[PDB]
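Participant: Input file: start.txt. Contents: compact mmCIF, N, CA and C atoms.
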# COMPACT_ATOMS: atom_id res chain seq x y z
N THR R 71 22.53 -19.71 -13.91
CA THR R 71 21.47 -19.48 -12.95
C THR R 71 20.79 -18.13 -13.17
N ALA R 72 21.44 -17.23 -13.91
CA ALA R 72 20.82 -15.96 -14.26
C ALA R 72 19.50 -16.18 -14.99
N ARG R 73 19.53 -17.01 -16.03
CA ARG R 73 18.29 -17.42 -16.69
C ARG R 73 17.59 -18.55 -15.96
N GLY R 74 18.28 -19.26 -15.07
CA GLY R 74 17.62 -20.30 -14.30
C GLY R 74 16.58 -19.76 -13.33
N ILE R 75 16.91 -18.69 -12.61
CA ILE R 75 16.07 -18.19 -11.52
C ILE R 75 14.99 -17.25 -12.03
N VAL R 76 14.80 -17.16 -13.35
CA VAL R 76 13.69 -16.39 -13.89
C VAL R 76 12.37 -17.12 -13.65
N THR R 77 12.42 -18.28 -13.01
CA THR R 77 11.26 -19.05 -12.61
C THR R 77 11.33 -19.32 -11.11
N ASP R 78 10.17 -19.59 -10.51
CA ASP R 78 10.06 -19.97 -9.10
C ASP R 78 10.64 -18.87 -8.20
N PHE R 79 9.94 -17.74 -8.20
CA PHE R 79 10.35 -16.58 -7.44
C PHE R 79 10.10 -16.81 -5.95
N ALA R 80 10.29 -15.77 -5.15
CA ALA R 80 10.13 -15.85 -3.71
C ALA R 80 8.67 -16.09 -3.34
N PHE R 81 8.42 -16.24 -2.04
CA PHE R 81 7.11 -16.63 -1.54
C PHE R 81 6.72 -15.78 -0.35
N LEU R 82 5.41 -15.69 -0.11
CA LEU R 82 4.84 -14.93 1.00
C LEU R 82 4.16 -15.91 1.94
N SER R 83 4.93 -16.49 2.85
CA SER R 83 4.42 -17.51 3.77
C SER R 83 3.37 -16.99 4.75
N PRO R 84 3.57 -15.84 5.42
CA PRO R 84 2.61 -15.46 6.47
C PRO R 84 1.42 -14.68 5.95
N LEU R 85 1.27 -14.61 4.63
CA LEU R 85 0.16 -13.89 4.02
C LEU R 85 -0.86 -14.82 3.38
N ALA R 86 -0.78 -16.11 3.67
CA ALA R 86 -1.77 -17.04 3.15
C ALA R 86 -3.02 -17.01 4.02
N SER R 87 -2.82 -17.09 5.33
CA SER R 87 -3.93 -17.18 6.26
C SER R 87 -4.84 -15.96 6.24
N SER R 88 -4.29 -14.76 6.09
CA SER R 88 -5.11 -13.57 6.18
C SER R 88 -5.67 -13.16 4.82
N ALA R 89 -5.79 -14.11 3.89
CA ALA R 89 -6.25 -13.77 2.54
C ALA R 89 -7.65 -13.17 2.57
N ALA R 90 -8.58 -13.86 3.22
CA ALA R 90 -9.96 -13.39 3.23
C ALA R 90 -10.08 -12.04 3.93
N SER R 91 -9.46 -11.91 5.10
CA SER R 91 -9.59 -10.68 5.87
C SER R 91 -8.99 -9.50 5.11
N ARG R 92 -7.82 -9.70 4.51
CA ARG R 92 -7.21 -8.61 3.77
C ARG R 92 -8.01 -8.25 2.53
N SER R 93 -8.60 -9.24 1.85
CA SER R 93 -9.45 -8.92 0.70
C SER R 93 -10.66 -8.12 1.13
N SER R 94 -11.27 -8.49 2.26
CA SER R 94 -12.41 -7.74 2.76
C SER R 94 -12.02 -6.30 3.08
N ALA R 95 -10.89 -6.12 3.76
CA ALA R 95 -10.45 -4.77 4.09
C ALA R 95 -10.17 -3.96 2.83
N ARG R 96 -9.54 -4.59 1.84
CA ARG R 96 -9.28 -3.90 0.58
C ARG R 96 -10.56 -3.46 -0.10
N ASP R 97 -11.58 -4.32 -0.13
CA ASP R 97 -12.83 -3.92 -0.77
C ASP R 97 -13.48 -2.78 -0.02
N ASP R 98 -13.42 -2.80 1.31
CA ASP R 98 -13.99 -1.70 2.09
C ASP R 98 -13.27 -0.39 1.77
N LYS R 99 -11.94 -0.44 1.72
CA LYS R 99 -11.17 0.75 1.35
C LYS R 99 -11.56 1.23 -0.04
N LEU R 100 -11.76 0.30 -0.97
CA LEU R 100 -12.14 0.68 -2.32
C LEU R 100 -13.49 1.39 -2.33
N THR R 101 -14.44 0.89 -1.54
CA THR R 101 -15.74 1.55 -1.46
C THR R 101 -15.60 2.98 -0.96
N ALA R 102 -14.85 3.16 0.13
CA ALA R 102 -14.67 4.50 0.67
C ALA R 102 -13.99 5.41 -0.35
N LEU R 103 -12.96 4.91 -1.03
CA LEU R 103 -12.24 5.72 -2.00
C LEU R 103 -13.14 6.10 -3.16
N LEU R 104 -13.98 5.18 -3.61
CA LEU R 104 -14.89 5.50 -4.71
C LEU R 104 -15.86 6.60 -4.31
N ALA R 105 -16.40 6.53 -3.09
CA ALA R 105 -17.30 7.59 -2.64
C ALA R 105 -16.58 8.94 -2.62
N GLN R 106 -15.38 8.97 -2.04
CA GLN R 106 -14.63 10.21 -1.98
C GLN R 106 -14.36 10.76 -3.37
N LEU R 107 -13.97 9.88 -4.30
CA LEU R 107 -13.64 10.32 -5.65
C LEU R 107 -14.86 10.87 -6.36
N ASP R 108 -16.02 10.24 -6.17
CA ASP R 108 -17.23 10.76 -6.80
C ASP R 108 -17.53 12.16 -6.29
N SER R 109 -17.44 12.35 -4.97
CA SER R 109 -17.72 13.68 -4.42
C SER R 109 -16.74 14.71 -4.97
N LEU R 110 -15.46 14.36 -5.02
CA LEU R 110 -14.46 15.29 -5.52
C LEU R 110 -14.70 15.63 -6.98
N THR R 111 -15.09 14.64 -7.79
CA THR R 111 -15.34 14.89 -9.20
C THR R 111 -16.51 15.83 -9.40
N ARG R 112 -17.59 15.63 -8.64
CA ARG R 112 -18.72 16.55 -8.76
C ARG R 112 -18.31 17.96 -8.35
N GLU R 113 -17.52 18.08 -7.28
CA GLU R 113 -17.07 19.39 -6.84
C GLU R 113 -16.23 20.07 -7.93
N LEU R 114 -15.33 19.31 -8.55
CA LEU R 114 -14.51 19.87 -9.62
C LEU R 114 -15.37 20.31 -10.79
N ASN R 115 -16.41 19.54 -11.11
CA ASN R 115 -17.27 19.91 -12.22
C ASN R 115 -17.97 21.24 -11.94
N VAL R 116 -18.50 21.41 -10.73
CA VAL R 116 -19.17 22.68 -10.44
C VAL R 116 -18.15 23.82 -10.43
N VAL R 117 -16.92 23.55 -10.00
CA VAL R 117 -15.90 24.60 -10.00
C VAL R 117 -15.59 25.03 -11.43
N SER R 118 -15.45 24.07 -12.35
CA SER R 118 -15.18 24.42 -13.74
C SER R 118 -16.33 25.21 -14.34
N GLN R 119 -17.57 24.81 -14.03
CA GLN R 119 -18.71 25.55 -14.54
C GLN R 119 -18.70 26.98 -14.03
N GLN R 120 -18.34 27.17 -12.76
CA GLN R 120 -18.17 28.53 -12.26
C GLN R 120 -17.06 29.26 -13.01
N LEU R 121 -15.95 28.57 -13.26
CA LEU R 121 -14.78 29.22 -13.84
C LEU R 121 -15.03 29.72 -15.25
N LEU R 122 -15.92 29.08 -16.00
CA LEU R 122 -16.28 29.65 -17.30
C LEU R 122 -16.96 31.01 -17.14
N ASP R 123 -17.70 31.21 -16.09
CA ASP R 123 -18.40 32.47 -16.01
C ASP R 123 -17.45 33.63 -15.91
N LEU R 124 -16.23 33.31 -15.55
CA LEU R 124 -15.26 34.35 -15.45
C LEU R 124 -15.07 34.98 -16.80
N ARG R 125 -15.12 34.21 -17.87
CA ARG R 125 -14.84 34.78 -19.17
C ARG R 125 -15.85 35.82 -19.49
N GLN R 126 -17.09 35.52 -19.21
CA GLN R 126 -18.12 36.45 -19.49
C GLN R 126 -17.87 37.65 -18.67
N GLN R 127 -17.56 37.46 -17.42
CA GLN R 127 -17.42 38.65 -16.64
C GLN R 127 -16.35 39.52 -17.19
N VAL R 128 -15.21 38.96 -17.52
CA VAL R 128 -14.14 39.84 -17.96
C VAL R 128 -14.47 40.51 -19.25
N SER R 129 -15.06 39.77 -20.15
CA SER R 129 -15.31 40.36 -21.42
C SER R 129 -16.27 41.44 -21.08
N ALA R 130 -17.20 41.13 -20.18
CA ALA R 130 -18.08 42.25 -19.90
C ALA R 130 -17.36 43.42 -19.25
N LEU R 131 -16.24 43.17 -18.58
CA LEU R 131 -15.47 44.23 -17.95
C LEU R 131 -14.91 45.24 -18.95
N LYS R 132 -14.48 44.79 -20.13
CA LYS R 132 -13.86 45.66 -21.12
C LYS R 132 -14.84 46.65 -21.75
N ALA R 133 -16.07 46.73 -21.25
CA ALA R 133 -17.01 47.71 -21.75
C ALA R 133 -16.50 49.12 -21.49
N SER R 134 -16.56 49.96 -22.51
CA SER R 134 -16.08 51.33 -22.40
C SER R 134 -17.25 52.31 -22.34
N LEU D 652 8.84 -11.39 11.05
CA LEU D 652 8.94 -10.48 9.94
C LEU D 652 7.65 -10.54 9.14
N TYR D 653 7.25 -9.52 8.38
CA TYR D 653 6.07 -9.61 7.53
C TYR D 653 6.31 -8.89 6.18
N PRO D 654 5.84 -9.37 5.01
CA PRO D 654 6.17 -8.75 3.73
C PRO D 654 5.44 -7.43 3.54
N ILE D 655 6.12 -6.50 2.89
CA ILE D 655 5.53 -5.24 2.46
C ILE D 655 5.78 -5.10 0.97
N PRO D 656 4.82 -5.44 0.13
CA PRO D 656 5.06 -5.40 -1.32
C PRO D 656 5.37 -4.01 -1.83
N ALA D 657 5.71 -3.91 -3.11
CA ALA D 657 6.14 -2.64 -3.67
C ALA D 657 5.05 -1.59 -3.58
N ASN D 658 5.43 -0.39 -3.15
CA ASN D 658 4.53 0.76 -3.09
C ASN D 658 3.31 0.49 -2.22
N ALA D 659 3.47 -0.32 -1.18
CA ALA D 659 2.39 -0.64 -0.27
C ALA D 659 2.53 0.20 0.99
N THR D 660 1.42 0.73 1.47
CA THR D 660 1.44 1.61 2.62
C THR D 660 0.79 1.02 3.86
N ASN D 661 0.02 -0.05 3.73
CA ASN D 661 -0.71 -0.63 4.84
C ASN D 661 -0.12 -2.00 5.16
N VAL D 662 0.21 -2.22 6.42
CA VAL D 662 0.85 -3.47 6.83
C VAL D 662 0.08 -4.08 7.99
N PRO D 663 -0.99 -4.81 7.73
CA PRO D 663 -1.77 -5.35 8.84
C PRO D 663 -1.23 -6.69 9.31
N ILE D 664 -1.04 -6.84 10.62
CA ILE D 664 -0.61 -8.10 11.20
C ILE D 664 -1.68 -8.56 12.17
N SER D 665 -1.92 -9.86 12.19
CA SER D 665 -2.93 -10.45 13.06
C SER D 665 -2.29 -11.52 13.92
N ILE D 666 -2.86 -11.73 15.10
CA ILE D 666 -2.43 -12.78 16.01
C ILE D 666 -3.67 -13.49 16.53
N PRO D 667 -3.76 -14.80 16.43
CA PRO D 667 -4.93 -15.49 16.96
C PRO D 667 -4.96 -15.45 18.48
N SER D 668 -5.95 -16.11 19.08
CA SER D 668 -6.11 -16.08 20.52
C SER D 668 -4.84 -16.53 21.22
N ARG D 669 -4.46 -15.81 22.27
CA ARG D 669 -3.20 -16.09 22.94
C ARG D 669 -3.27 -15.57 24.37
N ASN D 670 -2.36 -16.07 25.20
CA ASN D 670 -2.27 -15.68 26.60
C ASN D 670 -1.04 -14.80 26.78
N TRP D 671 -1.26 -13.51 26.96
CA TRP D 671 -0.18 -12.52 26.92
C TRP D 671 0.34 -12.21 28.32
N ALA D 672 0.77 -13.24 29.03
CA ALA D 672 1.38 -13.01 30.33
C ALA D 672 2.83 -12.59 30.15
N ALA D 673 3.27 -11.66 31.00
CA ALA D 673 4.65 -11.17 31.07
C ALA D 673 5.09 -10.45 29.81
N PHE D 674 4.26 -10.36 28.79
CA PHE D 674 4.62 -9.62 27.59
C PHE D 674 4.95 -8.19 27.97
N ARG D 675 5.99 -7.70 27.36
CA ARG D 675 6.43 -6.42 27.75
C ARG D 675 6.61 -5.31 26.76
N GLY D 676 6.82 -5.57 25.50
CA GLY D 676 6.96 -4.43 24.63
C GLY D 676 6.89 -4.83 23.21
N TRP D 677 6.67 -3.91 22.31
CA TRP D 677 6.75 -4.29 20.96
C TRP D 677 7.84 -3.44 20.56
N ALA D 678 8.57 -3.78 19.53
CA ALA D 678 9.54 -2.90 19.03
C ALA D 678 9.52 -3.10 17.57
N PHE D 679 9.84 -2.12 16.76
CA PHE D 679 9.89 -2.37 15.34
C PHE D 679 10.96 -1.80 14.46
N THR D 680 10.94 -2.09 13.17
CA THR D 680 11.84 -1.47 12.22
C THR D 680 11.47 -1.91 10.88
N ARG D 681 12.07 -1.42 9.83
CA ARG D 681 11.82 -1.76 8.44
C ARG D 681 13.14 -1.95 7.71
N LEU D 682 13.25 -3.03 6.94
CA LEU D 682 14.48 -3.36 6.25
C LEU D 682 14.17 -3.80 4.82
N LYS D 683 15.13 -3.56 3.93
CA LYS D 683 14.99 -3.96 2.54
C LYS D 683 15.01 -5.47 2.42
N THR D 684 14.23 -5.99 1.47
CA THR D 684 14.08 -7.43 1.34
C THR D 684 15.39 -8.10 0.96
N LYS D 685 16.02 -7.62 -0.11
CA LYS D 685 17.17 -8.35 -0.65
C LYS D 685 18.34 -8.34 0.32
N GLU D 686 18.36 -7.41 1.27
CA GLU D 686 19.44 -7.39 2.25
C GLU D 686 19.24 -8.47 3.31
N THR D 687 18.00 -8.79 3.63
CA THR D 687 17.73 -9.75 4.69
C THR D 687 17.77 -11.16 4.14
N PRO D 688 18.63 -12.03 4.65
CA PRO D 688 18.65 -13.41 4.18
C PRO D 688 17.45 -14.19 4.68
N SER D 689 17.10 -15.23 3.94
CA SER D 689 16.01 -16.13 4.32
C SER D 689 16.58 -17.10 5.34
N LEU D 690 16.64 -16.65 6.59
CA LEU D 690 17.18 -17.49 7.65
C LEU D 690 16.26 -18.68 7.91
N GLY D 691 16.82 -19.70 8.56
CA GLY D 691 16.15 -20.96 8.81
C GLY D 691 16.53 -22.04 7.83
N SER D 692 17.07 -21.65 6.68
CA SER D 692 17.58 -22.59 5.69
C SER D 692 19.07 -22.35 5.50
N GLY D 693 19.81 -23.45 5.34
CA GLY D 693 21.26 -23.34 5.32
C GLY D 693 21.79 -22.49 4.19
N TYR D 694 21.23 -22.65 3.00
CA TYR D 694 21.71 -21.97 1.81
C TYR D 694 20.57 -21.18 1.19
N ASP D 695 20.90 -20.00 0.66
CA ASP D 695 19.93 -19.14 -0.03
C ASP D 695 20.46 -18.82 -1.41
N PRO D 696 20.11 -19.61 -2.43
CA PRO D 696 20.66 -19.37 -3.77
C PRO D 696 20.26 -18.04 -4.37
N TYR D 697 19.21 -17.39 -3.88
CA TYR D 697 18.77 -16.12 -4.43
C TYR D 697 19.40 -14.92 -3.74
N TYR D 698 20.16 -15.12 -2.67
CA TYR D 698 20.67 -14.02 -1.86
C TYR D 698 21.84 -13.38 -2.60
N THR D 699 21.54 -12.43 -3.48
CA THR D 699 22.57 -11.74 -4.25
C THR D 699 22.79 -10.36 -3.65
N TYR D 700 23.60 -10.32 -2.60
CA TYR D 700 23.90 -9.08 -1.89
C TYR D 700 25.03 -9.33 -0.90
N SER D 701 25.92 -8.35 -0.73
CA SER D 701 27.11 -8.57 0.08
C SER D 701 27.41 -7.36 0.94
Go ahead and express the file in the form of structure tokens.
Facilitator:
Amino acid sequence: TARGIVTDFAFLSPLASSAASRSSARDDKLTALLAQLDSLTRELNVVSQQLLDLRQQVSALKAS
Amino acid sequence: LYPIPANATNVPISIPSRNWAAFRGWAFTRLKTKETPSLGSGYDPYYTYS
């Protein structure tokens, strides 16, 4: 039965009816997450662009 | 009972239209799947836990 039960796994009986509603909620969550991720990525990009300027500043600091 | 798949954080439960007279409380808990037998059926060939 060790190799027998590698087929016909368990089942999710009470999750058949809410298929449509849960899919809709998942897509809505995905939309929100995508918006948040886009905003965060743009913020990170501007932060990195700022962070390069640090090099210039420091090199400029070593002026004697 | 309701399933919570692996690494899932959201557990939505729905109830259709009903008449909630005398209802008094909800109570809850969370348990591991393999520990809970599939009650309602006499034998559970997959229940490998003691």
Participant: Compile the contact shell of residue D:653 as a PDB file with N, CA and C atoms, keeping the file's coordinate frame: residues with an atom at most 8 Å away, counting all atoms listed in the file, same-chain residues fewer than 3 positions apart removed.
Facilitator:
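So out_17.pdb came out as:
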ATOM      1  N   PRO R  84       3.570 -15.840   5.420  1.00  0.00           N
ATOM      2  CA  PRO R  84       2.610 -15.460   6.470  1.00  0.00           C
ATOM      3  C   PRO R  84       1.420 -14.680   5.950  1.00  0.00           C
ATOM      4  N   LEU R  85       1.270 -14.610   4.630  1.00  0.00           N
ATOM      5  CA  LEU R  85       0.160 -13.890   4.020  1.00  0.00           C
ATOM      6  C   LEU R  85      -0.860 -14.820   3.380  1.00  0.00           C
TER       7      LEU R  85
ATOM      8  N   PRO D 656       4.820  -5.440   0.130  1.00  0.00           N
ATOM      9  CA  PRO D 656       5.060  -5.400  -1.320  1.00  0.00           C
ATOM     10  C   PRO D 656       5.370  -4.010  -1.830  1.00  0.00           C
ATOM     11  N   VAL D 662       0.210  -2.220   6.420  1.00  0.00           N
ATOM     12  CA  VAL D 662       0.850  -3.470   6.830  1.00  0.00           C
ATOM     13  C   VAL D 662       0.080  -4.080   7.990  1.00  0.00           C
ATOM     14  N   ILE D 664      -1.040  -6.840  10.620  1.00  0.00           N
ATOM     15  CA  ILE D 664      -0.610  -8.100  11.200  1.00  0.00           C
ATOM     16  C   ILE D 664      -1.680  -8.560  12.170  1.00  0.00           C
TER      17      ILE D 664
END
Participant: So that I can check the surroundings of stretch 88-94 of chain R, please list as an MDAnalysis selection string every protein, DNA and RNA residue that reaches within 12 Å of it, counting only C-alpha atoms and ignoring chain neighbours fewer than 2 positions away.
Facilitator: (chainID R and resid 82:86 96:101) or (chainID D and resid 653 661:667)
Participant: Identify, on the basis of only C-alpha atoms, every residue whose closest approach to stretch 674-684 of chain D does not exceed 12 Å; exclude the query and any residue fewer than 2 positions from it along the same chain; express the result as a list in words.
Facilitator: residues 80, 81 and 82 of chain R; 652, 653, 654, 655, 656, 657, 662, 669, 670, 671, 672, 686, 687, 688, 689, 697, 698, 699 and 700 of chain D
Participant: Chain R: which residues are helix (DSSP H, G or I) by DSSP, as a ChimeraX atom specification?
Facilitator: /R:74-76,83-85,89-131
Participant: What's the separation between atom C of residue D:701 and atom CA of residue R:71, in Å to one decimal place?
Facilitator: 19.4 Å
Participant: What's the separation between atom CA of residue R:78 and atom CA of residue D:695, in Å to one decimal place?
Facilitator: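 Interatomic distance, atom CA of residue R:78 to atom CA of residue D:695: 13.4 Å.
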Participant: Just give me the gap between atom CA of residue R:111 and atom CA of residue R:130 in Å, one decimal is fine.
Facilitator: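 That distance, rounded to one decimal, is 29.5 Å.
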Participant: Is it possible to add N, CA, C and O atoms to stretch 658-673 of chain D and hand it back as a PDB file, keeping the file's coordinate frame?
Facilitator:
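Produced file out_5.pdb, reproduced below:
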ATOM      1  N   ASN D 658       5.430  -0.390  -3.150  1.00  0.00           N
ATOM      2  CA  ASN D 658       4.530   0.760  -3.090  1.00  0.00           C
ATOM      3  C   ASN D 658       3.310   0.490  -2.220  1.00  0.00           C
ATOM      4  O   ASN D 658       2.226   1.006  -2.478  1.00  0.00           O
ATOM      5  N   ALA D 659       3.470  -0.320  -1.180  1.00  0.00           N
ATOM      6  CA  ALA D 659       2.390  -0.640  -0.270  1.00  0.00           C
ATOM      7  C   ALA D 659       2.530   0.200   0.990  1.00  0.00           C
ATOM      8  O   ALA D 659       3.637   0.358   1.503  1.00  0.00           O
ATOM      9  N   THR D 660       1.420   0.730   1.470  1.00  0.00           N
ATOM     10  CA  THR D 660       1.440   1.610   2.620  1.00  0.00           C
ATOM     11  C   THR D 660       0.790   1.020   3.860  1.00  0.00           C
ATOM     12  O   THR D 660       0.997   1.553   4.954  1.00  0.00           O
ATOM     13  N   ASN D 661       0.020  -0.050   3.730  1.00  0.00           N
ATOM     14  CA  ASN D 661      -0.710  -0.630   4.840  1.00  0.00           C
ATOM     15  C   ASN D 661      -0.120  -2.000   5.160  1.00  0.00           C
ATOM     16  O   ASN D 661       0.020  -2.832   4.261  1.00  0.00           O
ATOM     17  N   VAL D 662       0.210  -2.220   6.420  1.00  0.00           N
ATOM     18  CA  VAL D 662       0.850  -3.470   6.830  1.00  0.00           C
ATOM     19  C   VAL D 662       0.080  -4.080   7.990  1.00  0.00           C
ATOM     20  O   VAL D 662       0.464  -3.887   9.147  1.00  0.00           O
ATOM     21  N   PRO D 663      -0.990  -4.810   7.730  1.00  0.00           N
ATOM     22  CA  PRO D 663      -1.770  -5.350   8.840  1.00  0.00           C
ATOM     23  C   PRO D 663      -1.230  -6.690   9.310  1.00  0.00           C
ATOM     24  O   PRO D 663      -0.979  -7.579   8.500  1.00  0.00           O
ATOM     25  N   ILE D 664      -1.040  -6.840  10.620  1.00  0.00           N
ATOM     26  CA  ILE D 664      -0.610  -8.100  11.200  1.00  0.00           C
ATOM     27  C   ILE D 664      -1.680  -8.560  12.170  1.00  0.00           C
ATOM     28  O   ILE D 664      -2.298  -7.749  12.864  1.00  0.00           O
ATOM     29  N   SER D 665      -1.920  -9.860  12.190  1.00  0.00           N
ATOM     30  CA  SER D 665      -2.930 -10.450  13.060  1.00  0.00           C
ATOM     31  C   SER D 665      -2.290 -11.520  13.920  1.00  0.00           C
ATOM     32  O   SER D 665      -1.299 -12.136  13.526  1.00  0.00           O
ATOM     33  N   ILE D 666      -2.860 -11.730  15.100  1.00  0.00           N
ATOM     34  CA  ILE D 666      -2.430 -12.780  16.010  1.00  0.00           C
ATOM     35  C   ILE D 666      -3.670 -13.490  16.530  1.00  0.00           C
ATOM     36  O   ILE D 666      -4.578 -12.831  17.044  1.00  0.00           O
ATOM     37  N   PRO D 667      -3.760 -14.800  16.430  1.00  0.00           N
ATOM     38  CA  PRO D 667      -4.930 -15.490  16.960  1.00  0.00           C
ATOM     39  C   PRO D 667      -4.960 -15.450  18.480  1.00  0.00           C
ATOM     40  O   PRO D 667      -4.098 -14.827  19.099  1.00  0.00           O
ATOM     41  N   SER D 668      -5.950 -16.110  19.080  1.00  0.00           N
ATOM     42  CA  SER D 668      -6.110 -16.080  20.520  1.00  0.00           C
ATOM     43  C   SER D 668      -4.840 -16.530  21.220  1.00  0.00           C
ATOM     44  O   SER D 668      -4.216 -17.516  20.822  1.00  0.00           O
ATOM     45  N   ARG D 669      -4.460 -15.810  22.270  1.00  0.00           N
ATOM     46  CA  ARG D 669      -3.200 -16.090  22.940  1.00  0.00           C
ATOM     47  C   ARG D 669      -3.270 -15.570  24.370  1.00  0.00           C
ATOM     48  O   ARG D 669      -4.117 -14.742  24.701  1.00  0.00           O
ATOM     49  N   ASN D 670      -2.360 -16.070  25.200  1.00  0.00           N
ATOM     50  CA  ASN D 670      -2.270 -15.680  26.600  1.00  0.00           C
ATOM     51  C   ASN D 670      -1.040 -14.800  26.780  1.00  0.00           C
ATOM     52  O   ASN D 670       0.088 -15.300  26.774  1.00  0.00           O
ATOM     53  N   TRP D 671      -1.260 -13.510  26.960  1.00  0.00           N
ATOM     54  CA  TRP D 671      -0.180 -12.520  26.920  1.00  0.00           C
ATOM     55  C   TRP D 671       0.340 -12.210  28.320  1.00  0.00           C
ATOM     56  O   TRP D 671       0.371 -11.062  28.748  1.00  0.00           O
ATOM     57  N   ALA D 672       0.770 -13.240  29.030  1.00  0.00           N
ATOM     58  CA  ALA D 672       1.380 -13.010  30.330  1.00  0.00           C
ATOM     59  C   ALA D 672       2.830 -12.590  30.150  1.00  0.00           C
ATOM     60  O   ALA D 672       3.514 -13.049  29.240  1.00  0.00           O
ATOM     61  N   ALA D 673       3.270 -11.660  31.000  1.00  0.00           N
ATOM     62  CA  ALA D 673       4.650 -11.170  31.070  1.00  0.00           C
ATOM     63  C   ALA D 673       5.090 -10.450  29.810  1.00  0.00           C
ATOM     64  O   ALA D 673       6.223  -9.952  29.780  1.00  0.00           O
TER      65      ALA D 673
END
